[PDB]
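Undergrad: Got a structure for you, questions after.
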RNA sequence: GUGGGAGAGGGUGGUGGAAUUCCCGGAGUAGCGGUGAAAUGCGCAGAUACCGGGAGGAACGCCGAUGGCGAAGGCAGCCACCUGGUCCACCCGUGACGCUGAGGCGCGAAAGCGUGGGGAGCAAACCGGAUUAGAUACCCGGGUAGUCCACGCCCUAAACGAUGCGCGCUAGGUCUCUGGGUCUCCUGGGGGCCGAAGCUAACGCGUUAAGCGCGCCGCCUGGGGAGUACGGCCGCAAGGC
Ligand SMILES: NC[C@@H]1O[C@H](O[C@H]2[C@@H](O)[C@H](O[C@@H]3[C@@H](O)[C@H](N)C[C@H](N)[C@H]3O[C@H]3O[C@H](CO)[C@@H](O)[C@H](O)[C@H]3N)O[C@@H]2CO)[C@H](N)[C@@H](O)[C@@H]1O
Ligand SMILES: NC[C@@H]1O[C@H](O[C@H]2[C@@H](O)[C@H](O[C@@H]3[C@@H](O)[C@H](N)C[C@H](N)[C@H]3O[C@H]3O[C@H](CO)[C@@H](O)[C@H](O)[C@H]3N)O[C@@H]2CO)[C@H](N)[C@@H](O)[C@@H]1O
Ligand SMILES: [K+]
Ligand SMILES: [K+]
Ligand SMILES: [K+]
Ligand SMILES: [K+]
Ligand SMILES: [K+]
Ligand SMILES: [K+]
Ligand SMILES: [Mg+2]
Ligand SMILES: [Mg+2]
Ligand SMILES: [Mg+2]
Ligand SMILES: [Mg+2]
Ligand SMILES: [Mg+2]
Ligand SMILES: [Mg+2]
Ligand SMILES: [Mg+2]
Ligand SMILES: [Mg+2]
Ligand SMILES: [Mg+2]
Ligand SMILES: [Mg+2]
Ligand SMILES: [Mg+2]
Ligand SMILES: [Mg+2]
Ligand SMILES: [Mg+2]
Ligand SMILES: [Mg+2]
Ligand SMILES: [Mg+2]
Ligand SMILES: [Mg+2]
Ligand SMILES: [Mg+2]
Ligand SMILES: [Mg+2]
Ligand SMILES: [Mg+2]
Ligand SMILES: [Mg+2]
Ligand SMILES: [Mg+2]
Ligand SMILES: [Mg+2]
Ligand SMILES: [Mg+2]
Ligand SMILES: [Mg+2]
Ligand SMILES: [Mg+2]
Ligand SMILES: [Mg+2]
Ligand SMILES: [Mg+2]
Ligand SMILES: [Mg+2]
Ligand SMILES: [Mg+2]
Ligand SMILES: [Mg+2]
Ligand SMILES: [Mg+2]
Ligand SMILES: [Mg+2]
Ligand SMILES: [Mg+2]
Ligand SMILES: [Mg+2]
Ligand SMILES: [Mg+2]
Ligand SMILES: [Mg+2]
Ligand SMILES: [Mg+2]
Ligand SMILES: [Mg+2]
Ligand SMILES: [Mg+2]
Ligand SMILES: [Mg+2]
Ligand SMILES: [Mg+2]
Ligand SMILES: [Mg+2]
Ligand SMILES: [Mg+2]
Ligand SMILES: [Mg+2]
Ligand SMILES: [Mg+2]
Ligand SMILES: [Mg+2]
Ligand SMILES: [Mg+2]
Ligand SMILES: [Mg+2]
Ligand SMILES: [Mg+2]
Ligand SMILES: [Mg+2]
Ligand SMILES: [Mg+2]
Ligand SMILES: [Mg+2]
């Protein structure tokens, strides 16, 4: 049910469409490189849909990972 | 005439001279395709999330411009020619969409 | 004869066979084992026990190169994955960490009919 | 695309009087502009059909408006045709 | 018309990372693979497992949904250009200019055809290994057309909501996408669920009607024979109407 933390409420005022800001977007990415679901991000449909394309943009620029390796387990 | 943003990522290992030459070519080509420069941000070297051209870091340039749309694509071509330039991404500028306001 | 003493442990596991490769930190391998290296021949290679024997044999082979600490790398979803893990966990080898690297395509290639109803 | 200035140019051009945005003449004019632009777009890109549907719909609307004009005031009809250069 | 919005709607170019296969180099040893169990197969010309570099083709993981767009077929990495549809607010403009629509014209998944190209993975036919009483199959190892691109044909479907299009009227509750507003909420467009009256043979439908009505088109008239025969039209052929 993801009762731990909501990523939006864990953050302040920020721009979603901005692809150059890593120290925020990184918080929206999981332990692996995957984009977090609506349950975790606590965004809305519109918001999440924009964040998606911006994250992908950041990935292409080399700022954000496409994928990562899972630690522990 | 539309307002764009030019992201350019090039070789972090460049000495000030070669780098200056690269930016010179960028400015030159920009003038050639008639792009007025509204502002600029030089972010320098930064750590990439994945290796690009075998190199773990990269040097970033950002240009907010205004240029005729018809040649934008045709512009990108030129910018991609330089071997020292490993990334080119041109975006139509957008009004910032704020969250949690 | 190298005397590495610190290295990587790659576990490749499938429903069919489990196979362990121990390498130096550069990734170049030293020794290796598998359910086939041990006397097991047929389906028994896909066993947890086969996996245990495999990882332990690889460990013992790698003690002869005088190695102590390893990083474990896990690939594939298969029986005897966690058992090979536990095998290395105390073989006497110090396990520095465990990481699952299992390759997942971004959907490049059409799978065999066996693996389909997916992409 | 079609910028505001062009649109205001053709509107102010065909308007029956000052302030008229909605006249049959104005409509037929705008539609003719859009149609010509689209056809010039479909000389290249002739594999794009979904737009060609749009072209068919516009052509249809124009033909209907022109038909209406033809019924009401044949003078204004012939005038519109002459200034636009339709019907071939 | 003016001003705003959302969208995998379409076309062209460029581009990004993961994975598979192949090639080169390093290291490394006796098997890998695959199944219910096996064998064919690959491996001492060094395979499998691992690291580094390179080539090529195809598809876009998470976001992603009971979501969105499109007339239908259908559409999903990212960027730019060209381009269609559509919704809301303002009451600004014309003044019945509307609806449907035989024939016509265009679009039309997959397979299939022609010419040229491409060919990584998968894979009809086909070559083999198993199973079986047999196994012209299911399972396993290979593999050609094809799947991919361009141009031109083909016109089919469980082309499905098995529900033609447009307009009006007839309780609400709830979830959701997307606008606007006095932003508890009101108002509008789209997608779901339960249900008033009512309808239905029943199942079920129920402001997204299968209810109450009007307009126009298409179609049905017991089952097999049969979507066959003949004729005509279309098609390079397969074959379609
Ligand atoms: N069209 C492709 C997409 O366009 C998006 O942007 C599209 C929409 O956001 C934008 O909407 C425009 C805008 O002017 C405003 N919101 C209202 C306007 N009526 C719309 O224009 C619309 O109608 C006209 C015909 O009149 C069409 O030519 C056009 O395609 C359509 N968008 O028009 C753009 C082009 O259609 C994004 N770039 C991206 O999703 C993608 O490239
Ligand atoms: N490649 C981008 C796309 O290309 C489409 O068409 C393009 C491709 O379908 C076609 O083939 C190209 C070509 O470079 C050459 N034949 C090989 C190349 N790998 C292909 O390009 C593409 O191939 C496939 C899709 O088919 C993609 O999976 C791949 O990422 C991409 N490189 O070439 C066309 C252009 O030369 C459309 N323009 C549009 O969908 C989009 O721009
Ligand atoms: K053998
Ligand atoms: K849906
Ligand atoms: K609102
Ligand atoms: K009943
Ligand atoms: K039901
Ligand atoms: K037909
Ligand atoms: Mg370059
Ligand atoms: Mg086995
Ligand atoms: Mg209409
Ligand atoms: Mg699109
Ligand atoms: Mg080799
Ligand atoms: Mg083989
Ligand atoms: Mg082979
Ligand atoms: Mg042999
Ligand atoms: Mg030998
Ligand atoms: Mg290999
Ligand atoms: Mg490699
Ligand atoms: Mg090749
Ligand atoms: Mg999904
Ligand atoms: Mg729909
Ligand atoms: Mg009025
Ligand atoms: Mg009046
Ligand atoms: Mg009609
Ligand atoms: Mg017809
Ligand atoms: Mg077809
Ligand atoms: Mg086909
Ligand atoms: Mg062909
Ligand atoms: Mg051919
Ligand atoms: Mg195969
Ligand atoms: Mg096969
Ligand atoms: Mg056989
Ligand atoms: Mg039998
Ligand atoms: Mg052939
Ligand atoms: Mg036909
Ligand atoms: Mg259906
Ligand atoms: Mg329904
Ligand atoms: Mg529907
Ligand atoms: Mg209906
Ligand atoms: Mg009809
Ligand atoms: Mg229908
Ligand atoms: Mg209509
Ligand atoms: Mg309607
Ligand atoms: Mg509604
Ligand atoms: Mg739908
Ligand atoms: Mg009900
Ligand atoms: Mg009742
Ligand atoms: Mg009942
Ligand atoms: Mg419908
Ligand atoms: Mg009705
Ligand atoms: Mg019939
Ligand atoms: Mg019939
Ligand atoms: Mg009869
Ligand atoms: Mg019959
Ligand atoms: Mg038939
Ligand atoms: Mg005949
Ligand atoms: Mg003939
Ligand atoms: Mg035949
Ligand atoms: Mg036949």
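Protein chains in written order, with PDB author numbering: chain R, 16 to 88; chain F, 1 to 101; chain K, 11 to 129; chain O, 2 to 89. We put the beta carbon where it would ideally sit given N, CA and C, even for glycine.
1. Roughly how many whole angstroms lie between the Cα atoms of residue 34 of chain K and residue 66 of chain K?
2. Measuring only between beta-carbons, confirm whether residue 71 of chain R sits less than 8 Å from chain F.
3. Would residue 88 of chain R pass as an interface residue toward chain K - the criterion being a Cβ-Cβ separation below 8 Å?
4. Counting only beta-carbon separations shorter than 8 Å, does residue 50 of chain F have a partner in chain R?
5. Count the other C-beta atoms from every protein chain shown that fall within 10 angstroms of the C-beta of residue 56 of chain F, then say buried if there are 16 or more, exposed otherwise.
6. DSSP puts residue 2 of chain F in a beta bridge; with which residues?
7. What is the DSSP secondary structure of residue 77 of chain K, counted as helix, strand or coil?
8. For residue 40 of chain O, count neighbouring Cβ atoms within 10 angstroms of its own Cβ and tell me buried if that reaches 16, exposed if not.
9. Do you know how far the Cα of residue 9 of chain F is from the Cα of residue 84 of chain F?
10. Determine the chain R residues that contact residue 87 of chain F at a beta-carbon separation under 9 Å, and present them in chain order.
11. Do three or more CB pairs link the stretch 17-35 of chain R to the stretch 56-74 of chain R at distances below 8 Å?
12. Express the C-alpha separation of residue 57 of chain O and residue 81 of chain F in angstroms, rounding to a whole number.
13. Could you tell me whether any Cβ in chain F is nearer than 8 Å to the Cβ of residue 84 of chain R?
14. With distances taken between CB atoms, is the gap from residue 84 of chain R to residue 57 of chain R smaller than 8 Å?
15. To the nearest angstrom, report how far apart residue 24 of chain O and residue 36 of chain O are at their CA atoms.
16. Grouping DSSP H, G and I as helix and E and B as strand, with all else coil, what is residue 116 of chain F?
17. Could you confirm whether any beta carbon from chain R is found closer than 8 Å to the beta carbon of residue 40 of chain K?
18. Only counting the same chain, and skipping five residues up and downstream in sequence, which positions put a Cβ closer than 8 Å to that of residue 1 of chain F?
19. When you compare the CB of residue 96 of chain F with every CB in chain R, is at least one pair closer than 8 Å?
20. Taking only runs of the beta strand (DSSP E) that begin and end inside the stretch 44-108 of chain K, which ones reach a length of at least 3 residues, in chain order?
TA: Short version:
1. Within the third chain, numbered from 1, the residue matching residue 34 of chain K stands at position 24. Within the third chain, numbered from 1, the residue matching residue 66 of chain K stands at position 56. Take the alpha-carbon of residue 34 of chain K and the one of residue 66 of chain K: they are about 18 Å apart.
2. The residue you call residue 71 of chain R lines up with position 56 of the first chain. So, not an interface residue.
3. Residue 88 of chain R sits at position 73 when you count from the first residue of the first chain. Closer than 8 Å to some Cβ of chain K, the Cβ of residue 88 of chain R qualifies, so yes.
4. Within the second chain, numbered from 1, the residue matching residue 50 of chain F stands at position 50. Yes - at least one Cβ of chain R is within 8 Å of the one on residue 50 of chain F.
5. Within the second chain, numbered from 1, the residue matching residue 56 of chain F stands at position 56. Under this definition residue 56 of chain F is an exposed residue.
6. Translated into positions along the second chain, residue 2 of chain F becomes position 2. In the DSSP output, where bridge partners are listed per residue, residue 2 of chain F has F/67.
7. The residue labelled residue 77 of chain K in the question sits at position 67 within the third chain. Correct three-state label for residue 77 of chain K: coil.
8. Translated into the one-based positions of the fourth chain, residue 40 of chain O becomes position 39. Under this definition residue 40 of chain O is an exposed residue.
9. Locating residue 84 of chain F in the second chain gives position 84, counting from the first residue. Locating residue 9 of chain F in the second chain gives position 9, counting from the first residue. Roughly 9 Å between the two C-alpha positions.
10. Reading the second chain from its first residue, position 87 is the one you call residue 87 of chain F. Those within 9 Å of residue 87 of chain F in chain R are 75, 76, 77.
11. With the cut-off at 8 Å, the stretch 17-35 of chain R and the stretch 56-74 of chain R touch.
12. Here residue 81 of chain F is taken as the residue at index 81 of the second chain, counted from 1. Here residue 57 of chain O is taken as the residue at index 56 of the fourth chain, counted from 1. Put simply, the backbone Cα of residue 81 of chain F is about 43 Å away from that of residue 57 of chain O.
13. For the purposes of this step, residue 84 of chain R is identified with residue 69 of the first chain, where counting begins at 1. Residue contact with chain F for residue 84 of chain R: absent (no Cβ-Cβ distance below 8 Å to any residue of chain F).
14. Within the first chain, numbered from 1, the residue matching residue 84 of chain R stands at position 69. Within the first chain, numbered from 1, the residue matching residue 57 of chain R stands at position 42. The beta carbons of residue 84 of chain R and residue 57 of chain R sit no closer together than 8 Å.
15. On the fourth chain, position 23 is the one that residue 24 of chain O refers to. On the fourth chain, position 35 is the one that residue 36 of chain O refers to. Answer to the nearest angstrom: the Cα atoms are 18 Å apart.
16. Absent from the structure is residue 116 of chain F, since the part of chain F shown begins at 1 and ends at 101.
17. For the purposes of this step, residue 40 of chain K is taken as residue 30 along the third chain, with counting starting at 1. False, the Cβ-Cβ gap to chain R never drops below 8 Å.
18. Locating residue 1 of chain F in the second chain gives position 1, counting from the first residue. Exclusion of the five residues before and after residue 1 of chain F leaves 66, 67, 68, 69 as the residues of its chain whose Cβ lies within less than 8 Å of its Cβ.
19. Numbered from its first residue, the second chain carries residue 96 of chain F at position 96. Judged by the 8 Å Cβ criterion, residue 96 of chain F is in contact with chain R.
20. Scanning the stretch 44-108 of chain K from its first residue to its last, the whole beta strand (DSSP E) runs of 3-plus residues come out as 79-85.
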